[PDB]
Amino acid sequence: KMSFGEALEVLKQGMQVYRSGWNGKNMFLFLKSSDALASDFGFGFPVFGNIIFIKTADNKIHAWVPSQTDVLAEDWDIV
């Protein structure tokens, strides 16, 4: 059981994290830097910020919204 602060630092360093308290299964977060996104996103418009994604239960890729439940929780772990 990691705090959100611990999970956050690990996410910053390129690891994947998740909460056991989430309802959906097999989900996780991953962080992409501005440089990574400048290459990955080919759809035209220039400069991305850092974006955290959540791989969801249906295996789709979404933007992760930091819920208060998530940020206050201490049930985080590393994939």
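In this text, residue numbers run from 1 along the sequence as written.
Figure legend: residue 35 is marked as modelled in all of the other comparable entries of the protein, none of which omit it, let alone a third. Among the other PDB entries of this protein that were compared and that flank it with modelled residues, residue 44 is left unmodelled in a third or more. The entry shows a gap from residue 45 to residue 46, with 4 to 9 unmodelled residues of the deposited sequence in between. Comparing the deposited coordinates for 27-35 and 46-54, the stretch with the larger average C-alpha B-factor is 46-54.
Sort the chain's modelled residues by C-alpha temperature factor and residue 72 lands in the lowest third, per the entry.
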